[PDB]
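Q: Got a structure for you, coords.cif, holding mmCIF, C-alpha atoms and all ligand atoms.
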```
data_target
#
loop_
_atom_site.label_atom_id
_atom_site.label_comp_id
_atom_site.auth_asym_id
_atom_site.auth_seq_id
_atom_site.Cartn_x
_atom_site.Cartn_y
_atom_site.Cartn_z
CA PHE T 1 25.53 117.74 164.81
CA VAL T 2 25.47 120.71 167.29
CA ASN T 3 26.52 120.73 170.98
CA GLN T 4 23.17 121.19 172.76
CA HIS T 5 22.51 122.03 176.46
CA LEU T 6 19.77 119.69 177.69
CA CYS T 7 18.31 119.60 181.19
CA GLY T 8 15.13 117.95 182.40
CA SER T 9 12.97 115.73 180.24
CA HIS T 10 14.68 117.58 177.34
CA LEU T 11 17.63 115.33 178.02
CA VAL T 12 15.35 112.26 177.85
CA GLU T 13 13.51 113.68 174.80
CA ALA T 14 16.98 113.64 173.19
CA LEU T 15 18.03 110.21 174.46
CA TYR T 16 14.74 108.96 173.01
CA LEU T 17 15.32 110.63 169.60
CA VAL T 18 18.75 109.02 169.28
CA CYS T 19 18.41 105.43 170.44
CA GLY T 20 14.62 104.95 170.45
CA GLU T 21 14.04 101.22 169.83
CA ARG T 22 17.36 99.98 171.25
CA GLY T 23 16.69 101.65 174.64
CA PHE T 24 18.71 103.74 177.06
CA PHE T 25 19.80 103.89 180.70
CA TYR T 26 19.01 107.25 182.31
CA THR T 27 20.93 107.41 185.62
CA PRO T 28 21.73 110.83 187.23
CA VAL U 2 -5.06 108.30 185.93
CA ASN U 3 -4.98 105.48 183.27
CA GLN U 4 -3.89 106.85 179.85
CA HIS U 5 -2.36 105.58 176.66
CA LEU U 6 1.37 106.52 176.59
CA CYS U 7 3.47 105.87 173.44
CA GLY U 8 6.87 107.29 172.47
CA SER U 9 8.40 110.35 174.06
CA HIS U 10 5.15 110.88 176.00
CA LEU U 11 5.95 107.65 177.85
CA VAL U 12 9.69 108.24 178.51
CA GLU U 13 8.77 111.79 179.60
CA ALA U 14 6.12 110.22 181.90
CA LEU U 15 8.88 108.07 183.42
CA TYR U 16 11.12 111.08 184.17
CA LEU U 17 8.55 112.66 186.50
CA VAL U 18 7.64 109.41 188.34
CA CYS U 19 11.14 108.08 189.06
CA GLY U 20 13.48 110.95 188.04
CA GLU U 21 16.76 111.08 190.01
CA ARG U 22 16.19 107.44 191.13
CA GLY U 23 16.84 106.64 187.47
CA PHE U 24 14.74 104.55 185.08
CA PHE U 25 15.13 102.57 181.89
CA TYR U 26 13.42 102.24 178.51
CA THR U 27 13.88 98.90 176.66
CA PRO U 28 11.12 98.37 174.04
CA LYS U 29 12.71 95.00 173.21
CA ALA U 30 11.60 93.13 176.37
CA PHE E 1 7.25 109.41 193.79
CA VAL E 2 10.04 112.07 193.57
CA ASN E 3 9.82 115.82 194.39
CA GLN E 4 10.17 117.41 190.93
CA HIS E 5 10.77 121.10 190.04
CA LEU E 6 8.35 122.00 187.23
CA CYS E 7 8.04 125.39 185.55
CA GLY E 8 6.32 126.28 182.30
CA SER E 9 4.26 123.84 180.28
CA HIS E 10 6.29 121.19 182.18
CA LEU E 11 3.99 121.91 185.07
CA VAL E 12 0.95 121.39 182.82
CA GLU E 13 2.57 118.33 181.17
CA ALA E 14 2.63 116.94 184.73
CA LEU E 15 -0.88 118.04 185.71
CA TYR E 16 -2.03 116.31 182.51
CA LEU E 17 -0.14 113.06 183.31
CA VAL E 18 -1.73 112.86 186.75
CA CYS E 19 -5.39 113.75 186.35
CA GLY E 20 -5.86 113.49 182.57
CA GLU E 21 -9.54 112.58 182.03
CA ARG E 22 -10.87 114.13 185.25
CA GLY E 23 -9.43 117.57 184.37
CA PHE E 24 -7.51 120.24 186.23
CA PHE E 25 -7.61 123.95 187.08
CA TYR E 26 -4.36 125.73 186.19
CA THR E 27 -4.43 129.16 187.90
CA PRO E 28 -1.13 131.03 188.60
CA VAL M 2 -3.48 127.89 161.94
CA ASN M 3 -6.12 125.06 162.19
CA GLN M 4 -4.52 121.81 163.50
CA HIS M 5 -5.58 118.64 165.22
CA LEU M 6 -4.65 118.87 168.95
CA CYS M 7 -5.10 115.83 171.25
CA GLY M 8 -3.63 115.17 174.70
CA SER M 9 -0.68 117.05 176.12
CA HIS M 10 -0.28 118.81 172.75
CA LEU M 11 -3.62 120.49 173.44
CA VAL M 12 -3.09 121.43 177.12
CA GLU M 13 0.38 122.68 176.14
CA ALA M 14 -1.32 124.70 173.35
CA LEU M 15 -3.58 126.25 176.01
CA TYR M 16 -0.64 127.34 178.20
CA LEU M 17 0.79 129.61 175.48
CA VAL M 18 -2.57 131.16 174.46
CA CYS M 19 -3.95 132.01 177.91
CA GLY M 20 -1.03 131.33 180.31
CA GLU M 21 -1.05 133.51 183.46
CA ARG M 22 -4.75 134.35 182.82
CA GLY M 23 -5.31 130.69 183.70
CA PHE M 24 -7.23 128.04 181.76
CA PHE M 25 -8.99 124.75 182.35
CA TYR M 26 -9.09 121.26 180.85
CA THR M 27 -12.30 119.22 181.44
CA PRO M 28 -12.65 116.41 178.85
CA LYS M 29 -15.96 115.46 180.49
CA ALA M 30 -18.03 118.41 179.18
CA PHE Z 1 -2.93 136.57 173.72
CA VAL Z 2 -0.26 136.70 176.52
CA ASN Z 3 3.42 137.75 176.25
CA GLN Z 4 5.23 134.43 176.82
CA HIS Z 5 8.98 133.83 177.46
CA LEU Z 6 10.07 130.94 175.23
CA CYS Z 7 13.56 129.47 175.02
CA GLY Z 8 14.67 126.18 173.51
CA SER Z 9 12.38 123.88 171.58
CA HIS Z 10 9.60 125.72 173.50
CA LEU Z 11 10.13 128.51 171.01
CA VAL Z 12 9.77 126.03 168.12
CA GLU Z 13 6.82 124.30 169.85
CA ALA Z 14 5.20 127.75 169.68
CA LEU Z 15 6.25 128.58 166.11
CA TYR Z 16 4.74 125.21 165.17
CA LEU Z 17 1.43 125.90 167.01
CA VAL Z 18 1.01 129.21 165.21
CA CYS Z 19 1.94 128.64 161.58
CA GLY Z 20 1.93 124.83 161.35
CA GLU Z 21 1.07 124.00 157.72
CA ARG Z 22 2.41 127.23 156.17
CA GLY Z 23 5.89 126.67 157.66
CA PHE Z 24 8.43 128.82 159.46
CA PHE Z 25 12.07 129.91 159.31
CA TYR Z 26 13.90 129.34 162.61
CA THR Z 27 17.21 131.27 162.43
CA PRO Z 28 19.02 132.30 165.68
CA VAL G 2 17.65 105.40 165.02
CA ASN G 3 14.82 105.29 162.37
CA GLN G 4 11.49 106.48 163.88
CA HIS G 5 8.22 107.92 162.72
CA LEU G 6 8.20 111.70 163.41
CA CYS G 7 5.01 113.76 162.82
CA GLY G 8 4.12 117.25 164.07
CA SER G 9 5.89 118.98 166.92
CA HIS G 10 7.87 115.76 167.53
CA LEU G 11 9.51 116.35 164.15
CA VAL G 12 10.20 120.11 164.45
CA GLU G 13 11.51 119.43 167.98
CA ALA G 14 13.71 116.68 166.45
CA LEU G 15 15.09 119.29 164.03
CA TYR G 16 16.02 121.73 166.82
CA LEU G 17 18.46 119.26 168.42
CA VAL G 18 20.08 118.14 165.13
CA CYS G 19 20.71 121.54 163.53
CA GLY G 20 19.86 124.07 166.29
CA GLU G 21 21.83 127.35 166.08
CA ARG G 22 22.72 126.54 162.42
CA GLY G 23 19.01 127.13 161.81
CA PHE G 24 16.51 124.90 160.02
CA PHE G 25 13.19 125.16 158.23
CA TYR G 26 9.81 123.44 158.23
CA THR G 27 7.75 123.68 154.99
CA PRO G 28 5.11 120.89 154.81
CA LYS G 29 4.06 122.26 151.39
CA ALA G 30 7.10 121.02 149.41
CA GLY X 1 -16.20 120.45 174.23
CA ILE X 2 -12.53 121.51 173.79
CA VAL X 3 -11.79 118.06 172.32
CA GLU X 4 -14.75 117.87 169.92
CA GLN X 5 -13.86 121.40 168.77
CA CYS X 6 -10.10 120.64 168.71
CA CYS X 7 -9.09 116.96 168.33
CA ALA X 8 -11.82 115.09 166.49
CA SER X 9 -12.45 118.38 164.69
CA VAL X 10 -9.97 121.33 164.59
CA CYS X 11 -10.04 124.98 165.72
CA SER X 12 -8.36 128.39 165.46
CA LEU X 13 -6.68 130.00 168.47
CA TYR X 14 -9.58 132.46 168.91
CA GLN X 15 -11.43 129.20 169.61
CA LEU X 16 -8.96 128.50 172.50
CA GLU X 17 -9.13 131.95 173.93
CA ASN X 18 -12.52 130.61 174.88
CA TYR X 19 -11.21 128.30 177.73
CA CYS X 20 -9.05 130.83 179.58
CA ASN X 21 -9.89 132.00 183.18
CA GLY F 1 6.78 95.10 178.60
CA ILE F 2 6.40 98.83 179.43
CA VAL F 3 4.71 99.34 176.04
CA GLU F 4 2.31 96.38 176.20
CA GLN F 5 1.38 97.50 179.73
CA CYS F 6 1.26 101.20 178.72
CA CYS F 7 0.65 101.97 175.02
CA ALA F 8 -1.29 99.12 173.45
CA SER F 9 -2.88 98.72 176.88
CA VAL F 10 -2.81 101.39 179.67
CA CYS F 11 -1.45 101.55 183.23
CA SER F 12 -1.50 103.46 186.53
CA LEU F 13 1.60 105.24 187.84
CA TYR F 14 2.20 102.50 190.45
CA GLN F 15 2.70 100.44 187.28
CA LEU F 16 5.54 102.86 186.24
CA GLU F 17 7.18 102.92 189.59
CA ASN F 18 8.05 99.45 188.42
CA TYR F 19 10.75 100.59 185.85
CA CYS F 20 12.75 102.91 188.11
CA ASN F 21 16.41 102.15 189.12
CA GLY V 1 0.57 128.68 195.77
CA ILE V 2 1.33 125.14 194.50
CA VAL V 3 1.28 126.70 191.01
CA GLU V 4 4.39 128.59 192.21
CA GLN V 5 5.85 126.44 195.04
CA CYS V 6 6.68 123.77 192.41
CA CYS V 7 8.75 126.39 190.50
CA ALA V 8 10.20 128.18 193.56
CA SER V 9 10.81 124.91 195.30
CA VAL V 10 9.63 121.34 194.57
CA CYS V 11 6.34 119.46 194.81
CA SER V 12 5.02 115.88 194.83
CA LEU V 13 2.73 114.16 192.32
CA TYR V 14 0.24 114.07 195.17
CA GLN V 15 0.45 117.86 195.79
CA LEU V 16 -0.78 118.21 192.15
CA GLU V 17 -3.61 115.65 192.41
CA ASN V 18 -5.66 118.20 194.42
CA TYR V 19 -6.19 120.66 191.52
CA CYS V 20 -7.74 117.79 189.52
CA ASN V 21 -11.53 117.41 189.18
CA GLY C 1 9.46 116.34 151.55
CA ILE C 2 10.53 116.21 155.23
CA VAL C 3 7.19 114.56 156.07
CA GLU C 4 7.17 111.97 153.27
CA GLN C 5 10.76 111.11 154.22
CA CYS C 6 9.99 111.24 157.98
CA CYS C 7 6.35 110.68 159.02
CA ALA C 8 4.61 108.56 156.41
CA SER C 9 8.01 106.94 155.90
CA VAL C 10 10.96 107.19 158.38
CA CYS C 11 14.52 108.55 158.23
CA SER C 12 17.94 108.63 159.92
CA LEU C 13 19.34 111.84 161.40
CA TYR C 14 21.78 112.26 158.48
CA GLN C 15 18.48 112.62 156.59
CA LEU C 16 17.58 115.61 158.88
CA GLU C 17 20.93 117.25 158.62
CA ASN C 18 19.54 117.89 155.17
CA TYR C 19 17.04 120.66 156.30
CA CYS C 20 19.44 122.81 158.33
CA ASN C 21 20.38 126.41 157.27
CA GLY L 1 16.19 139.39 166.92
CA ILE L 2 12.74 137.94 167.76
CA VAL L 3 14.53 134.56 167.93
CA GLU L 4 16.33 136.08 170.96
CA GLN L 5 13.99 138.85 172.23
CA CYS L 6 11.50 136.10 173.23
CA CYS L 7 14.23 134.51 175.42
CA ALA L 8 15.81 137.76 176.67
CA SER L 9 12.43 139.32 177.17
CA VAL L 10 8.92 138.28 176.04
CA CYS L 11 7.03 138.19 172.75
CA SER L 12 3.46 137.89 171.43
CA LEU L 13 1.92 135.13 169.30
CA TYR L 14 1.65 137.81 166.64
CA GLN L 15 5.39 138.69 166.80
CA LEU L 16 5.99 135.01 165.81
CA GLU L 17 3.43 134.92 162.97
CA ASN L 18 5.85 136.96 160.79
CA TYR L 19 8.49 134.21 160.45
CA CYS L 20 5.77 131.93 159.03
CA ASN L 21 5.43 131.32 155.27
CA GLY B 1 28.74 112.36 184.32
CA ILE B 2 27.25 112.88 180.82
CA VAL B 3 23.86 112.94 182.60
CA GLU B 4 25.17 116.17 184.20
CA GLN B 5 27.85 117.47 181.78
CA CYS B 6 25.05 118.13 179.24
CA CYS B 7 23.31 120.37 181.83
CA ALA B 8 26.47 121.94 183.32
CA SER B 9 28.00 122.32 179.92
CA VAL B 10 27.05 120.91 176.48
CA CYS B 11 27.18 117.50 174.81
CA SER B 12 26.98 115.95 171.33
CA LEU B 13 24.38 113.55 169.93
CA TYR B 14 27.22 111.05 169.83
CA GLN B 15 28.08 111.52 173.55
CA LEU B 16 24.47 110.31 174.21
CA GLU B 17 24.58 107.32 171.83
CA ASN B 18 26.75 105.44 174.38
CA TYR B 19 24.02 105.08 177.05
CA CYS B 20 21.85 103.35 174.42
CA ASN B 21 21.50 99.54 174.32
ZN ZN K 1 3.14 113.96 171.05
#
```
Can you give me the file's structure in the form of structure tokens?
Ligand SMILES: [Zn+2]
A:
Amino acid sequence: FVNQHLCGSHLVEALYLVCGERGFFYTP
Amino acid sequence: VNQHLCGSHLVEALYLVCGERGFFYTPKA
Amino acid sequence: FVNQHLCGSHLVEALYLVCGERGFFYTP
Amino acid sequence: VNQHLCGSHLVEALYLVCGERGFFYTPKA
Amino acid sequence: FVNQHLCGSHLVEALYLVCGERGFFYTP
Amino acid sequence: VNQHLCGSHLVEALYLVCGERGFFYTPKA
Amino acid sequence: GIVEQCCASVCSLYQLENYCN
Amino acid sequence: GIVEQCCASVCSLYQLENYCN
Amino acid sequence: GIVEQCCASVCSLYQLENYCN
Amino acid sequence: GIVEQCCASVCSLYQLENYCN
Amino acid sequence: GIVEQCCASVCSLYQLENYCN
Amino acid sequence: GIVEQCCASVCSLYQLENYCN
């Protein structure tokens, strides 16, 4: 995959895409 | 202010509400 | 709620989330 | 260039078209 | 239309909106 | 990691995966 | 309106020009 | 949970406050 | 404006409820 | 193609690698 | 390119119709 | 963190698999 620079909901739009059904903990 | 939210739309809709505070998605709950 | 820095469609993606069915006037 | 647009997808699709000009969403019309 | 400054998936969210069913070649 | 992706959601989901490499959308295939 | 045009039905962009201040 | 509340059903924002660390 | 202030600075999800209808 | 794989059906990411120039 | 010019600068929704198929 | 590093810098789509559940 490529090393992508995510900020804002972009980050969460990625986290979603990866894990999806499992979940994820977003904590800045 | 009472919509259907499913998928990204939801976890985007979390980011604004809580944001820095943090939040968590866990469909299996 | 938290004080969030929106620019671009992000702003409108927020305006949508809030009002939704009522509407909104976007005028920059 | 003739798609179904419902929700954010729409009001995002306005932002590009009109933008600075301004636009308005008013489902109840 | 208006002259819009797109970077990131925004660009592709635009390319999509325009062409859609035809396709598009994204090549940076 | 096995979701339904249709529309923008898809061609956004390409951008992250491939990105600079480039990619292509061609529904008619 | 905008929805009927573009959601239930569909529309071009010249049909979105239409709701721009 | 979050989905049942907001997807199948719907919810306010005060109902999204709820899943914030 | 609050169409700018949000971008220049920050703004609440109350500040944005006003422009609703 | 991409849709059948991922829309009607579903796919992994290794299945999206596949449409990358 | 117009894959950059848009980001560096600005671009129309005609400029982007070209890369379509 | 990797909640920041991605924004400061870059990060993989493996780096982000960790925070999953
Ligand atoms: Zn969507």
Q: Using all atoms listed in the file, which protein or nucleic acid residues are at most 9 Å from ligand ZN 1 (chain K), as an MDAnalysis selection string?
A: (chainID U and resid 7:10) or (chainID M and resid 7:10) or (chainID G and resid 7:10)
Q: All Cα atoms, paired in order, least squares: that's the fit I need for chain L onto chain X, output as an mmCIF file with C-alpha atoms, in the coordinates of the input.
A:
```cif
data_model
loop_
_atom_site.group_PDB
_atom_site.id
_atom_site.type_symbol
_atom_site.label_atom_id
_atom_site.label_comp_id
_atom_site.auth_asym_id
_atom_site.auth_seq_id
_atom_site.Cartn_x
_atom_site.Cartn_y
_atom_site.Cartn_z
ATOM 1 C CA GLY L 1 -16.934 120.173 173.150
ATOM 2 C CA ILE L 2 -13.961 122.311 172.012
ATOM 3 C CA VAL L 3 -11.820 119.909 174.087
ATOM 4 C CA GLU L 4 -12.902 117.291 171.496
ATOM 5 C CA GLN L 5 -13.829 119.308 168.361
ATOM 6 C CA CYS L 6 -10.118 120.249 168.034
ATOM 7 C CA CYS L 7 -9.243 116.507 167.924
ATOM 8 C CA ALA L 8 -12.263 115.358 165.879
ATOM 9 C CA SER L 9 -11.970 118.330 163.602
ATOM 10 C CA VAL L 10 -9.950 121.576 163.849
ATOM 11 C CA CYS L 11 -10.120 124.741 165.937
ATOM 12 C CA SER L 12 -8.760 128.308 165.964
ATOM 13 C CA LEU L 13 -6.453 129.970 168.503
ATOM 14 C CA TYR L 14 -9.455 132.138 169.293
ATOM 15 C CA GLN L 15 -11.750 129.132 169.987
ATOM 16 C CA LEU L 16 -9.218 128.220 172.751
ATOM 17 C CA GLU L 17 -8.957 131.729 174.250
ATOM 18 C CA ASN L 18 -12.417 131.249 175.852
ATOM 19 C CA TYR L 19 -11.337 128.533 178.322
ATOM 20 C CA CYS L 20 -8.701 130.957 179.661
ATOM 21 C CA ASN L 21 -9.248 132.923 182.895
#
```
Q: List the residues sitting within 6 Å of (13.3, 98.8, 169.7) in the file's frame, using all atoms listed in the file, as a PyMOL selection string.
A: (chain T and resi 21-22) or (chain U and resi 28-29)
Q: Could you pull out every residue with an atom within 9 Å of (-1.8, 129.5, 170.4), file coordinates, counting only C-alpha atoms, and send them as a list in words?
A: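 Every polymer residue passing the test: residues 2, 14, 15, 16, 17, 18 and 19 of chain M; 1, 14, 17 and 18 of chain Z; 12, 13, 14, 16 and 17 of chain X; 13 of chain L.
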Q: Could I have chain Z as a CSV table (one decimal) with C-alpha atoms, in the coordinates of the input after it is superimposed on chain T by least squares, pairing all C-alpha atoms in sequence order?
A:
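As written to disk, selection-v8.csv reads:
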```csv
chain,number,residue,atom,x,y,z
Z,1,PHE,CA,25.5,117.7,164.8
Z,2,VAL,CA,25.5,120.7,167.3
Z,3,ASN,CA,26.5,120.7,171.0
Z,4,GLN,CA,23.2,121.2,172.8
Z,5,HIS,CA,22.5,122.0,176.5
Z,6,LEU,CA,19.8,119.7,177.7
Z,7,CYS,CA,18.3,119.6,181.2
Z,8,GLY,CA,15.1,117.9,182.4
Z,9,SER,CA,13.0,115.7,180.2
Z,10,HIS,CA,14.7,117.6,177.3
Z,11,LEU,CA,17.6,115.3,178.0
Z,12,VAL,CA,15.3,112.3,177.8
Z,13,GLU,CA,13.5,113.7,174.8
Z,14,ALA,CA,17.0,113.6,173.2
Z,15,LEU,CA,18.0,110.2,174.5
Z,16,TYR,CA,14.7,109.0,173.0
Z,17,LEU,CA,15.3,110.6,169.6
Z,18,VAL,CA,18.7,109.0,169.3
Z,19,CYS,CA,18.4,105.4,170.4
Z,20,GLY,CA,14.6,104.9,170.5
Z,21,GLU,CA,14.0,101.2,169.8
Z,22,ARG,CA,17.4,100.0,171.3
Z,23,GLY,CA,16.7,101.6,174.6
Z,24,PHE,CA,18.7,103.7,177.1
Z,25,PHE,CA,19.8,103.9,180.7
Z,26,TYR,CA,19.0,107.3,182.3
Z,27,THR,CA,20.9,107.4,185.6
Z,28,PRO,CA,21.7,110.8,187.2
```
Q: Take chain U, superimpose it onto chain G by least squares using every C-alpha atom paired in sequence order, and output the result as a tab-separated table (two decimals) with C-alpha atoms, in the coordinates of the input.
A:
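Okay, this is what ended up in selection05.tsv:
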```
chain	number	residue	atom	x	y	z
U	2	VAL	CA	17.65	105.40	165.02
U	3	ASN	CA	14.82	105.29	162.37
U	4	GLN	CA	11.49	106.47	163.88
U	5	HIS	CA	8.22	107.92	162.72
U	6	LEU	CA	8.20	111.70	163.41
U	7	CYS	CA	5.01	113.76	162.82
U	8	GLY	CA	4.12	117.25	164.07
U	9	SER	CA	5.89	118.97	166.92
U	10	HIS	CA	7.87	115.77	167.54
U	11	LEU	CA	9.51	116.35	164.15
U	12	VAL	CA	10.20	120.12	164.45
U	13	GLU	CA	11.51	119.43	167.98
U	14	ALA	CA	13.72	116.68	166.44
U	15	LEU	CA	15.09	119.29	164.02
U	16	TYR	CA	16.02	121.73	166.82
U	17	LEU	CA	18.45	119.26	168.42
U	18	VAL	CA	20.09	118.14	165.13
U	19	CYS	CA	20.71	121.54	163.53
U	20	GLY	CA	19.87	124.07	166.29
U	21	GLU	CA	21.83	127.35	166.08
U	22	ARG	CA	22.72	126.54	162.42
U	23	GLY	CA	19.01	127.14	161.81
U	24	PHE	CA	16.50	124.90	160.02
U	25	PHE	CA	13.19	125.16	158.23
U	26	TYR	CA	9.81	123.44	158.23
U	27	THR	CA	7.75	123.68	154.99
U	28	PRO	CA	5.11	120.89	154.81
U	29	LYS	CA	4.06	122.26	151.40
U	30	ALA	CA	7.10	121.02	149.41
```
Q: Which value, in Å to one decimal, gives the distance between CA of residue 13 in chain M and CA of residue 9 in chain E?
A: 5.8 Å
Q: May I have the residues within 12 Å of residue 8 in chain T as a list in words, using only C-alpha atoms and disregarding those fewer than 2 positions away in the same chain?
A: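 Selected residues are residues 5, 6, 10, 11, 12, 13, 14, 15, 26 and 28 of chain T; 12, 13, 14, 15, 16, 17, 20 and 21 of chain U; 4, 5, 6, 7 and 10 of chain E; 3, 4, 6 and 7 of chain B.
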Q: For the atom pair CA of residue 11 in chain C and CA of residue 5 in chain G, what is the interatomic distance in Å to one decimal place?
A: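 Pair CA of residue 11 in chain C / CA of residue 5 in chain G returns 7.8 Å.
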Q: In Å, with one decimal, what is the gap from CA of residue 8 in chain V to CA of residue 22 in chain M?
A: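 Atom-to-atom, CA of residue 8 in chain V to CA of residue 22 in chain M, that is 19.4 Å.
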